[PDB]
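# Examination of the molecular architecture
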Amino acid sequence: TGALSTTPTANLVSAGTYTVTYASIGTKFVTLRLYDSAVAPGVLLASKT
Amino acid sequence: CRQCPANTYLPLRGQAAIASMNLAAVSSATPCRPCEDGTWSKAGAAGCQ
Amino acid sequence: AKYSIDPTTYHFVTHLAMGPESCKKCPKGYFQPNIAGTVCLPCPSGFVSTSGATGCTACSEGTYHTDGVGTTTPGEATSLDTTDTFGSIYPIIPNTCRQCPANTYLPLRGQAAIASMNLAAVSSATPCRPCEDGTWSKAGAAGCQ
Amino acid sequence: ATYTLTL
């Protein structure tokens, strides 16, 4: 991600391939998770479900 | 030993503040209880009034 | 808003428990034994809950109770279950058991990690023991070999 | 340290 700041940034799926076709019907819990560094595990800053 | 402020109560003895080793993710809390509605407590107390 | 609309109820009435959907279930880390259940009860130190729980389960020997972010599949309350349904009255509290590393051991059950409310002054630690000299422990164990 | 998110 870049800059961020107080203003919200149009991010995530702009022209990406994150679209997933589900199989079972029901309630699914999608989970965004932010990390400081790009190494496993790193530091999880926040996680909105 | 710390007294959590008014409007909670510890009936059981010797429960410590559950900790969190990575704070920026899960914030630590105190193990005293919301003092169920209809009852109040004046700072440290064993049973809500 | 208009004093010409059929009023649902009186004016002092702010909130109502309309239907069974209002009976939301507690997040992980809080148990609700009673039937009234006006406020959910934070599980006490060491004991660990699961979803909407009736009773807190004691954490096993050789384990304490801190966050579980490093570990896989932690039983932490999701942001959905607290912020969206309740708000700020029930924040996310740690809920899982951690194994103390090699060369330390926990004989007793349900001693959680003591916390500190200011970090830069006094650091928090874990309540497992130096494993008396002449003995070792293979990661999480209850008795030093 | 503080991060507001939406999804």
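The rules we used
- Residues numbered from 1 in each chain as written, not as in the entry; some residues may be left out.
- Chains lettered and ligands numbered in written order.
- Part of a larger assembly, values for the part shown.
- Heavy atoms only, no water.
- 1 Å grid on protein atoms, 1.4 Å probe; cavity = no way out; pocket = protein on both sides within 12 Å on 5 of 7 lines; lining within 4 Å.
- Points joined across faces, edges and corners; volume = space filled by probe spheres on them.
- Helix = DSSP H or I, 4+ residues; strand = E, 2+ residues; numbered from the N terminus.
- Nonpolar A, V, L, I, M, F, W, Y, C, P; charged D, E, K, R; others polar.
- Salt bridge = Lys/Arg side-chain N within 4 Å of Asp/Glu carboxyl O.
- Buried < 20%, exposed > 50% of the residue type's maximum accessible area, 1.4 Å probe, protein only.
- Contact = heavy atoms within 4.5 Å.
- Buried area = accessible area lost by both parts, 1.4 Å probe.
- Polar contact = N/O pair within 3.5 Å; in protein donor to acceptor, adjacent residues only side chain to side chain.
- Patch = residues over 30% accessible without salt bridge, like charges linked within 9 Å, V, L, I, M, F, W, Y side chains within 5 Å.
- Areas by Shrake-Rupley, 256 points an atom, 1.4 Å probe, with all protein chains shown as cover.

For this deposited structure, the header cites cryo-EM as the method used and 3.9 Å as the resolution.

A few words now on the layout of surface pockets. Its boundaries defined by the atoms lining it, the largest pocket holds a volume of some 990 Å³. Lining the largest pocket are 33 residues, and of these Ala-46 and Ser-47 of chain A, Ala-25 and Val-26 of chain B together with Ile-92 of chain C lie nearest its centre. Sort the elements by how many residues they give to the lining of the largest pocket and strand β2 (residues 44–48) of chain A lands first, with 5 residues. In terms of residue class, the lining of the largest pocket is made up of 17 nonpolar, 12 polar and 4 charged.

What follows concerns the pattern of salt bridges. Residues and elements named next belong to chain C. The final tally for this structure, using the stated rule, is 2 salt bridges over all chains. The salt bridge partner of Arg-98 is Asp-67, with a shortest N-O separation of 3.1 Å. Placement of the pair is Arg-98 in strand β4 (residues 98–99) and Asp-67 in the loop between β3 (63–64) and α1 (79–84), with a sequence separation of 31 residues. You'll find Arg-98 and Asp-67 in the same group, each marked buried.

The next subject is the interface of chain D and chain A. The interface is formed by 4 residues belonging to chain D together with 7 residues belonging to chain A. When the buried area of chain D at its contact with chain A is split by residue, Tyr-3, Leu-5 and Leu-7 of chain D rank highest and sum to 91% of it. Counting across the chain D and chain A interface gives 0 salt bridges. Where chain D packs against chain A, one counts 0 residue pairs in polar contact. Of the residues assigned to the side of chain D that touches chain A, the class counts are 3 nonpolar, 1 polar and no charged.

Here we take up the interface of chain B and chain C. Each partner contributes to the interface: chain B provides 22 residues, whereas chain C provides 25 residues. Carbon and sulfur atoms supply 65% of the area buried between chain B and chain C, which totals about 2,000 Å² over both sides. Seen at the junction of chain B and chain C, the total is 0 salt bridges. Joining chain B to chain C, the criterion identifies 9 residue pairs in polar contact. Among the residues making up the side of chain B that touches chain C, the classes are represented as 12 nonpolar, 6 polar and 4 charged.

It is worth spelling out a nonpolar patch on the surface at this point. On the surface, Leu-12, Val-13, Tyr-18 and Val-30 of chain A together with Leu-7 of chain D cluster together into a nonpolar patch covering about 530 Å² of accessible area. When you line up the elements, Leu-12 of chain A lands in the segment before β1 (32–35). For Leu-12 of chain A, a relative accessible area of 53% gives the class exposed.

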